[PDB]
Every structure is written in structure tokens, then in C-alpha cells.
Protein chains: 2
Amino acid sequence: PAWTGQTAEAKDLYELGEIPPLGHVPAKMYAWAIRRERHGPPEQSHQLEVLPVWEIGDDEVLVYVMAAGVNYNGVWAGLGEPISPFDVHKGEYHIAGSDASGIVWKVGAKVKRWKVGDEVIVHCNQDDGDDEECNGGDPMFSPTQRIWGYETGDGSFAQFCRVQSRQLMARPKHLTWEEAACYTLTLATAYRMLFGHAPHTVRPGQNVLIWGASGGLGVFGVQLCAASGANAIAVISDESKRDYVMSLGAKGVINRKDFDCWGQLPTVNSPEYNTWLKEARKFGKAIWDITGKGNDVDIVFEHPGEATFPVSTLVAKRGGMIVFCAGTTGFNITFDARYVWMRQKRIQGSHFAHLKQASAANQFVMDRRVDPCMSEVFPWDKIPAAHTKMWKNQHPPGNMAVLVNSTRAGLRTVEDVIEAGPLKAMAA
Amino acid sequence: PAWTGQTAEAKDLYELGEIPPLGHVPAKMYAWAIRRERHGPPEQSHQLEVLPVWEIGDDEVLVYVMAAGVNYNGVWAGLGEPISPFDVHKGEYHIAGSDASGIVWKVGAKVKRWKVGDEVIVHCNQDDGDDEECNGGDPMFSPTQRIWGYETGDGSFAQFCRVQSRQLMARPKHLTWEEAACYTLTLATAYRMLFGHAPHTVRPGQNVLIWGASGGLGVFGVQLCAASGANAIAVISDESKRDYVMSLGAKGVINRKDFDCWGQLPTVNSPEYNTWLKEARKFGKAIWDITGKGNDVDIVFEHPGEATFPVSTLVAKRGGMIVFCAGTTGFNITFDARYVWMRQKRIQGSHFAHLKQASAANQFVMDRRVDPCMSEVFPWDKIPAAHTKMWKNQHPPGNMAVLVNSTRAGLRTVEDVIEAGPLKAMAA
Ligand SMILES: NC(=O)c1ccc[n+]([C@@H]2O[C@H](COP(=O)([O-])OP(=O)(O)OC[C@H]3O[C@@H](n4cnc5c(N)ncnc54)[C@H](OP(=O)(O)O)[C@@H]3O)[C@@H](O)[C@H]2O)c1
Ligand SMILES: NC(=O)c1ccc[n+]([C@@H]2O[C@H](COP(=O)([O-])OP(=O)(O)OC[C@H]3O[C@@H](n4cnc5c(N)ncnc54)[C@H](OP(=O)(O)O)[C@@H]3O)[C@@H](O)[C@H]2O)c1
Ligand SMILES: [Mg+2]
Ligand SMILES: [Mg+2]
């Protein structure tokens with residue numbers, strides 16, 4: 001409430017960073033929406049509209065959005081593949097965006113934890129709140145679970161978005177709006193992988209193979225390991241990337257381009273299967289050269305999938321886990337039953353994270369023990385462009401972000417957004 | 001000690017069931033041994049020799065063998081594939097057999113738990129006893145772990161075998177010698193699968209898909225489920241087998257021959273992949289018809305491998321585990337990454353079991369809550385024949401057994417073995 005009266009008048013439509021009086025809610029807002037006939041490339045399917053501000057219920061909340069995050073799923077949405085969201089919800093239009101920072105503007109009748117004017121970031125997991133798994137087990141195992149901004153169109157690429165109370169976490173005051181908004185989805189996901197599957201969690205001492213260490217997922221495996229006592233073993237495909245990952249806490253690096261052990265699992269007992277095992281073993285020593293010899297990784301941290309899995313299942317210690325949330329290079333997974341059963345290795349699928357997980361992760365960032373690693377930030381009018389950049393992989397390592405009501409890069413407080421000035425949302 | 005003096009004199013070689021005085025150990029014994037040049041079909045590679053009785057150490061024990069069990073591994077040994085045991089141990093010859101019932105005849109200097117004349121059955125797991133995993137963790141994760149009678153040639157197809165104290169469990173007085181000796185290896189294995197991988201263990205209420213329900217492994221999944229409150233869902237390939245498995249506790253049956261969803265995973269997005277999912281779904285309802293609808297199995301209990309895995313990974317509930325110890329139909333495992341990561345399913349390899357596991361299992365049998373299911377029993381001179389029968393799958397459902405010092409089928413006590421009479425070990 002330092003800035004309660006330096007605001008604007010009560011009206012039904014504001015421009016970017018034109019702060020309304022606290023708790024006043026305009027009939028309308030500006031947004032980046034998708035409709036079923038637009039479906040296609042981000043610059044084609046994401047177009048700019050003026051829509052009504054979301055109606056909210058008993059346990060929901062409304063957020064004035066300062067910045068947001070760019071993730072792959074916003075592309076799958078604009079694409080309508082692998083599926084269209086309109087085959088998931090009954091909506092006429094869809095507002096994407098699954099990461100965010102901003103202010104709470106209005107709360108439901110039953111909301112006590114959070115209060116109007118509180119500064120927050122947003123976790124993307126939602127459920128109906130009332131079955132066995134959401135009340136005693138793991139809420140990610142409820143059929144009711146879904147991802148906000150993907151399987152819902154009340155996402156964050158708009159002046160306002162609608163979220164459940166159970167999606168809100170406190171914002172780190174030490175970050176810019178854009179930094180606060182880039183990491184939660186990707187950080188929380190990686191946190192579930194490494195701490196959310198007892199008894200195969202990370203402990204001081206362990207060695208963890210991290211695939212694609214420069215990726216949005218990669219950078220967070222590396223940091224979380226280091227920040228906990230463990231020893232991340234990064235993997236990359238460009239030697240200019242070496243310094244980067246190593247300044248993060250990495251305890252070694254390796255480059256996949258040196259080998260050929262890539263591709264599905266050669267049918268067994270065939271020479272290819274024998275030439276395959278030959279190089280892959282080279283890959284194995286590559287670790288021991290870092291880890292010491294006889295020292296296989298406690299956890300493989302997977303996501304490329306089809307092309308590497310055969311290998312990942314080989315290098316993991318007896319009693320070790322190979323966890324993963326994607327298959328960026330194919331889904332025909334393959335592996336040699338012999339290796340995982342004799343050495344009793346766990347192959348564990350994983351998928352985002354839940355509030356208590358996202359918020360344990362958020363704490364590492366609040367204590368400054370982990371850093372969002374924001375790759376770069378685009379402005380409100382470049383949002384579809386920002387997505388196109390991910391599409392064909394031309395983005396820099398780390399996590400992109402885009403601006404909303406925050407009118408310029410580098411802004412931290414709401415006072416900063418005011419004095420920097422309102423901005424036209426729809427000009428051309 | 002009811003029969004301490006109805007024995008024979010002190011000599012250095014006895015015939016079958018010619019009981020020596022308690023604690024007297026003959027210089028020599030009769031056995032079924034393998035040597036590297038014999039390698040081949042069981043009837044070729046298992047030949048009959050007279051060898052010295054094993055020397056034993058501080059924590060080891062010597063057992064007078066009444067009956068033993070027949071398992072696949074005795075065939076892989078005689079075969080010398082996938083490997084020869086002589087590439088594992090430095091021995092000139094090898095005595096196979098990984099299951100057994102009998103009397104303790106001699107104990108090491110440091111053996112307090114067990115005493116001479118005690119009646120026992122044998123678990124096949126061994127380790128060196130002195131690293132981290134054997135002293136605080138799971139001893140199956142020690143590099144020192146190995147299977148007795150396979151990776152060692154002091155097995156049970158002989159008048160005497162040598163075992164570690166940590167392999168011994170008490171024998172159920174209510175069984176015949178052969179019954180007591182058929183089940184431990186196969187029972188314990190299945191017990192680890194269903195109770196040895198927290199937090200995905202069996203609980204009253206759960207539904208568990210059991211592949212090959214008539215198999216030595218199958219029958220024990222079914223019984224253990226039922227005996228615990230769960231609901232085994234058997235799978236078979238002969239309708240004459242239906243009554244069998246259902247009298248065991250099964251709560252339903254299904255027959256794989258009706259479908260075609262068998263084989264590796266059709267490359268994705270291809271019509272075959274679409275026709276594949278079509279039948280497999282039929283397979284899924286087949287369950288709900290038994291389980292109720294919306295009710296996916298908590299645990300798939302796998303072992304056929306390559307040909308079914310694609311399917312097994314589909315039918316398991318979100319948060320469910322697919323555990324397995326074999327790949328009897330290939331090792332090029334395959335599955336759709338999408339299914340296991342979104343529904344966060346665990347794919348867990350497993351391999352035999354450890355003492356505390358084998359002995360929890362043994363308790364079910366001691367309370368008469370589980371039954372060995374002995375398929376049939378061959379005599380001492382048919383042991384290689386018994387193995388040949390497994391080789392090409394012509395054995396009846398359940399678990400085979402063969403006789404040693406027990407001179408006739410149906411004998412229970414040692415008194416019974418005496419009055420039934422000694423028997424010539426080597427006649428032709
Ligand atoms: N379903 C979920 O729960 C969930 C949540 C978040 C993200 N994801 C997924 O996880 C994936 C990546 O996330 P991200 O933030 O890391 O995106 P990203 O920044 O594009 O990550 C790509 C990184 O992976 C590495 N990589 C790409 N292909 C590789 C290959 N063939 N072999 C080895 N490394 C390879 C690259 O690093 P190098 O070439 O230097 O090794 C690259 O830096 C995407 O599929 C995304 O959808 C899934
Ligand atoms: N490494 C370990 O820890 C360990 C320990 C013990 C056993 N094993 C292994 O487990 C396997 C079987 O053990 P077992 O005692 O059950 O031997 P088994 O008695 O021969 O089991 C075979 C059973 O599996 C079923 N089956 C065979 N092919 C099938 C297929 N293509 N699809 C569906 N079902 C099929 C059959 O039943 P239906 O045709 O009626 O369905 C048959 O009754 C072997 O590979 C054995 O080596 C491994
Ligand atoms: Mg991002
Ligand atoms: Mg058997």
C-alpha cells in the first residue's frame with residue numbers, strides 16, 4: 001500500500017502498466033488469444049483481442065499480471081497439436097501462458113491465505129480438490145489434475161488471469177518481474193524428478209547424470225544437485241556451453257557428439273548390439289573419469305528419450321533410478337531387460353509437480369541458493385515471436401520470459417512500473 | 001534325535017537314504033556335476049560323479065539333501081549359456097541346483113543360530129556380508145551378491161551341498177521332502193516383486209494383473225494377492241487352465257490368444273499404432289469387466305517382456321508400478337513415453353529376493369496360507385531328464401522337484417526315509 005493512491009481512475013479498460021485503483025476490476029482487458037480456425041504457427045494462431053475479465057469463484061483469485069513465462073506448451077496450443085485445447089474445454093477462445101508474476105486483485109469468498117495487493121508468482125497445477133488423492137495421497141494422481149494455461153484458457157498472456165488459491169506462492173522481492181515469472185514451471189518439474197520419488201531422492205554425496213544441461217530443465221537439475229550436496233554431471237552439444245554449466249555448480253561435463261551409441265536398441269546378440277555396447281561403455285568411463293572408478297551415477301535425469309534411453313539404462317548404478325518427463329526425440333523407448341532387472345534399476349515417469357513440491361523449490365530461489373537463469377525477455381508485442389523462437393530451437397540456454405503490465409525490462413517494484421509509465425497495448 | 005541310533009556305521013561313502021550317524025561326514029558323496037567340455041543339453045552335460053564332500057568355513061553349513069527343486073537356471077548352466085559358470089568361478093566342476101530340503105550335518109565355528117540335526121530348506125541368495133548394502137541397506141544391491149547353485153557349484157544336486165548360514169530357513173513339518181524343496185526360489189522372487197518395492201506394495205483391495213498365471217511364478221502371484229486381500233487377475237493361454245488358477249484365489253481370468261496387440265511398439269502415429277491401441281483397449285475393458293469400470297490395476301506383474309510390455313505399460317493405473325524379473329520372449333523392451341510420464345507410472349526391475357524377504361514368504365506357507373503347488377517329482381536318476389522337460393516347455397503348471405536322499409515320493413520325516421530303505425545311487 002505504498003502506492004495505493006498514485007494510481008489511475010476507475011474505468012473499464014486500462015492500457016499496459018496503467019495501474020487501476022487496488023481492487024477495482026475493469027469490465028475488459030487486453031489479451032493474446034487463440035481460436036480453433038487460427039490453429040497453426042504461433043505468429044499465425046496467437047492474435048490480439050479485447051475480452052472480458054474472468055469471473056471467479058469461492059476459492060479462486062484474480063491476478064494483475066506484470067510478466068509471464070514462455071514455455072513449449074504455449075506452442076502446442078497455438079498449434080492444436082498433439083491436441084487442440086478446445087477438445088479439452090468447452091471454450092470459444094483460449095488464453096495461454098503457464099508461468100507468471102503479479103498482484104492479487106480480487107479473491108473469492110472463501111480465500112483467507114492470500115489478500116488483495118499481495119505480490120505473487122504462479123504454479124501451473126490444478127485439481128478439483130475433493131477426491132482421495134487430493135486429500136491424503138499425491139494430488140498428481142487425481143484424474144481431476146490439469147495444467148493451467150494449457151488445458152485451461154484462463155492463462156497468463158493477458159492483463160488478468162484466473163487461478164486457484166492452491167496455485168499461489170510468494171514472490172522473491174529480490175528479482176525483477178520477469179525473473180520472478182520464468183522459472184516456476186520448469187523448476188518445480190525438475191524438483192519433483194529429484195525429490196518426489198522416494199526412496200530414490202537426491203542426497204549429499206550422490207552423482208547425477210543431467211541430460212541437456214543448458215536446457216530450461218538442465219540448468220535446474222545442475223543447480224539443485226549442487227545446492228544439496230550432490231554432484232551434477234552435465235551433458236551438452238556445444239563446447240562454448242561448457243563454462244556456463246560449470247559456473248552453475250556442475251562437477252564435470254561431457255559432450256554427446258563424440259559418440260555414436262545413439263538411436264534405438266539394436267536387436268540383441270547382433271554385432272551392432274556388440275558395437276553399440278562398445279562405445280556406450282566409453283561413455284561410461286567418461287563418467288568415472290569425473291566420478292572416480294566403480295562409481296556409477298545414483299540417478300539419470302532424462303528427457304530426450306528414444307535416442308538415449310538405451311544408454312541411460314546402462315550407466316545407472318544398481319539400485320538407481322532413471323526418471324524422465326518427456327521424449328523430445330521420439331517415444332519408441334527401448335532397453336535391454338537384462339540390465340534393469342539384474343541390477344534392479346527403477347525407471348520412473350514424472351510429470352510437473354504439486355504445490356508442496358513447487359514451493360519447496362521456490363524456497364531455494366528465495367534463499368538465493370538457486371537462480372532463475374532467465375535467457376532473455378521479449379515485450380508484450382513479441383509474445384508470438386518469442387514462441388516461434390522456441391518452436392525451431394533457436395533460443396539461448398535457460399528460460400525465456402515476456403512482459404505484460406510491466407512496461408520495461410529491469411523493473412522490480414510496482415512503484416517502478418508506475419514512474420516508467422503506461423504503455424499502449426494495441427499499437428501498429 | 002528320535003532316530004539317532006537307527007542309523008548306519010561310520011564310513012566314507014553312503015548310498016541314497018543310507019543315513020550316516022548324525023554329524024559324521026564321509027570323505028565322499030554322489031553328485032550330478034557339469035564340466036566345461038560337456039556343455040550342451042541337460043542329458044548331455046549333467047553326468048554322474050563321485051566327488052569329495054565340501055570343505056566349510058566359519059559361517060557356513062553343510063546339509064544332507066533329501067529333495068531339491070528344478071529351475072530354469074540349472075539348464076542355462078548345463079548349456080553354458082547365456083554364460084558358462086566356469087567364467088564366474090575358478091572351479092574344475094560344477095554342482096547345480098538352487099532349491100532344497102534336508103538336515104544340517106555340520107556347522108562352522110561361528111554358527112549359533114542353527115544346530116546339527118535341524119530340518120531346513122534353502123534360499124539361494126549369498127553375499128560376502130561386509131559392505132554398506134549388506135549392513136544397512138538392501139543386500140541385493142551389493143556387487144558381492146550371487147545365486148547359489150548357478151554362480152556357485154556347491155549346489156543341491158548331490159548328497160551334500162554347502163551354504164551360508166544366512167541362506168537357511170526352517171522347514172514346514174506338514175510337507176513332504178519334495179514339497180518343502182520346490183518353491184522357495186520362485187516364491188521368494190514373486191514376494192520381492194509385490195512387497196519389496198515401497199511404496200508400490202500390495203494392499204487389501206488392490207487389483208493386480210498377473211501374467212502367465214499357471215507358471216511357477218504365476219501361481220505365487222495369484223496366491224499371495226488373495227492371501228493378503230488383493231484381487232489377482234490371471235492371464236493364461238489354455239482354457240483347461242481356467243479352473244486351476246481360479247481355485248487358487250484368482251478373482252477373474254483372461255486369455256491372451258483372443259487378441260493381437262502382441263509384439264514390439266509400432267512406430268508412433270502410424271496406423272498400426274492406431275490399430276494396436278484399438279485391441280489393447282479391448283484387453284483393458286476385459287479387466288474392468290472383472291474389476292468394475294474406471295478401475296485400472298494397481299500393479300502389473302510382468303516377466304514375458306518384449307511381446308507384452310507395450311501393453312502392460314498401458315493398462316496400469318496412474319501412480320501404478322509394472323515390476324518384472326525376466327523377458328522370456330525377448331529383451332528389446334518398448335513403450336510409449338507419453339503414457340508413463342503423464343500418468344507417472346513406475347517401471348521397476350526386480351531380481352530374486354533376500355533372506356528377510358524369502359522368509360516372510362516362507363511364513364505364508366508355514367501357516368498353510370499358501371501352497372507350494374508342486375507340479376511333479378522325478379527320482380534321482382531322472383534329474384537331467386527333469387531339466388530337459390523344462391527346456392522345451394512341456395512341463396505341467398507349477399513347480400517341479402527331484403529326489404535325492406529321500407528314497408521315494410511321499411516321504412515326510414527322516415524316520416520315513418529309513419524304513420523305506422537305502423537306494424543305489426549309481427545303477428545302470
Ligand atoms: N511434461 C512435463 O512435465 C514437462 C515440463 C517441462 C518441460 N518438459 C519438456 O522437457 C523438454 C525440455 O525442456 P527444456 O526447458 O530443457 O527445453 P530446452 O531448453 O529446449 O531443452 C533442450 C535442451 O535439451 C538438450 N538436448 C536436445 N536434444 C538433445 C539430444 N538429442 N541429446 C542430448 N541433449 C539434447 C539441449 O542441450 P545440449 O544439446 O547442450 O545437450 C538443450 O539445451 C521439452 O520436451 C519440454 O516439453 C516437460
Ligand atoms: N531372474 C530372476 O530373478 C528369476 C527368478 C525366477 C524365475 N525367473 C524367470 O521367470 C520366467 C518364468 O518363470 P516360471 O516359474 O513361471 O516358469 P514357467 O512355469 O515356465 O512360466 C511360464 C508361464 O508363463 C506363461 N507364458 C509363457 N509365454 C507367455 C507369453 N508369450 N505371454 C503370456 N504368458 C506367457 C505361461 O502361462 P500361460 O501361457 O497360461 O499364460 C506359462 O505358464 C523365466 O524366465 C524364469 O527364468 C526369473
Ligand atoms: Mg520457461
Ligand atoms: Mg521350481
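Summary table below
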read-out: Output for segment B:38-78, where each listed residue is touching a helix residue (DSSP H, G or I) at 6+ places or on another chain (Cβ under 9 Å) and among the charged types (D, E, K, R); value: B:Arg38, B:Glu43, B:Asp59, B:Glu60
read-out: Yes/no for B:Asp138 being among the acidic types (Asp, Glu) and either closer than 30 Å to B:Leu175 by Cα or away from every other protein chain (no Cβ under 14 Å) (or both); value: no
read-out: Of residues in segment B:331-347 being touching a residue at least 60 places away in the same chain (Cβ under 8 Å) and within 16 Å of ligand 2 (Cβ to nearest atom), the one surrounded by the fewest Cβ atoms within 10 Å (Cβ to Cβ); value: B:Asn332
read-out: Boolean, A:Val65 is touching a residue at least 12 places away in the same chain (Cβ under 8 Å) and farther than 18 Å from A:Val402 by Cα; value: no
read-out: Helices (runs of 4 or more DSSP H) wholly inside segment A:168-230 that include at least 3 residues being within 14 Å of another protein chain (Cβ to nearest Cβ); value: A:184-195
read-out: Subset of segment A:1-44 [among the acidic types (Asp, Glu) and outside any loop (DSSP other than H, G, I, E, B)]; value: A:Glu43
read-out: Matching option when the condition is among the acidic types (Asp, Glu) and in a strand (DSSP E or B), among A:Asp289, A:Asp298; value: A:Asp298
read-out: Among residues of segment B:242-284, those that are assigned to a helix (DSSP H, G or I), closer than 25 Å to B:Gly205 by Cα and either among the aliphatic types (A, V, I, L, M) or in contact (Cβ under 8 Å) with a residue 60 or more places away in the chain (or both), counted; value: 4
read-out: Matching residues, segment B:85-96, being more than 16 Å from ligand 4 (Cβ to nearest atom) and under 20 Å from the mean Cα position of the chain (by Cα); value: B:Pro85, B:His94, B:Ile95
read-out: Within segment B:304-318, considering residues that are more than 16 Å from B:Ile287 (Cα to Cα) and out of contact with any strand residue (DSSP E or B) (no Cβ under 6 Å at 6 or more places or on another chain), the one surrounded by the fewest Cβ atoms within 10 Å (Cβ to Cβ); value: B:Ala307
read-out: Pairs, first within 14 Å of B:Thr152 (Cβ to Cβ) in segment B:91-106, second charged (D, E, K, R), C-beta under 7 Å, six or more apart; value: B:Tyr93/B:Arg35; B:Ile95/B:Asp154
read-out: Pick from segment B:204-229, criterion free of Cβ contacts under 8 Å to residues at least 40 places away in the same chain and over 20 Å from B:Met374 (Cβ atoms), ranking: nearest to ligand 1 (Cβ to nearest atom); value: B:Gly205
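Because the Cβ atoms are built from the backbone with ideal geometry, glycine has one as well, and the counts that use them run over all protein chains shown. A short reminder: the numbers here are calculations on the coordinates, not readings from a lab.
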